[PDB]
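There is one chain below, alone, in structure tokens, taken in the form deposited in one PDB entry.
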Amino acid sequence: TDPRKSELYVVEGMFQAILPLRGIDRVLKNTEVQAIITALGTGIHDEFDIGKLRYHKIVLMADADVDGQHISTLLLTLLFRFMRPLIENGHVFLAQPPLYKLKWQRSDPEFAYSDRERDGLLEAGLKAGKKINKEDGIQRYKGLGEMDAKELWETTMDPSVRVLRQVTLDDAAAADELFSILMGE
């Protein structure tokens, strides 16, 4: 659980810490944001000290819809404006939750992270002799809240299977501009 072996997941509302974030000056006072900032341990702006970082990886997980984009947007800008080295140093990632669950009749269900993977897994399973209900065998997730707690962990937090995307400085800059445009109303 020492920093090197620790990760912090910030999820839409190896030691794996988890904090929620329900979706500029007032944002910093919101307790959920404060918990996250405090958990990171670095301090902010001028006080920022990379040596005090408590987590090797910071993973943002949210729904792919507007509501989900909003929090990921707000979080990426806070980091870009007050804790930039976390991004430049490659500590920030976005978790890709699965899009589909393939409910094989007499075997383990499989998860697909894209339409193409869905098609490949389906074809591969059928050729192997696996059976699936053509009407309800493939579940298309609407959000993270539709997932079973255990399946959420297995598909987004399990290190040997999760699909993570490193946030680049350019990505964060894009999020910050987005935050600016939208605030301009």
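Residues carry their position along the shown sequence, with the first being 1. For the two forms, the rigid core is made up of the largest set of C-alpha atoms that agree within 1.5 Å on superposition.
Separately, the form deposited in another entry exists; it is not shown, and the next lines address it.
Put the two forms on the same core and the Cα of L169 is off by 2 Å or more between this form and the one not shown. Here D158 does not count as shifted, since its C-alpha moves by less than 2 Å between this form and the one not shown after the core is aligned. Superposition on the rigid core between this form and the one not shown places the CA atom of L86 less than 2 Å from its counterpart. Distance between the C-alpha atoms of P97 and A175: longer by at least 3 Å in that other deposited form than in the displayed form.
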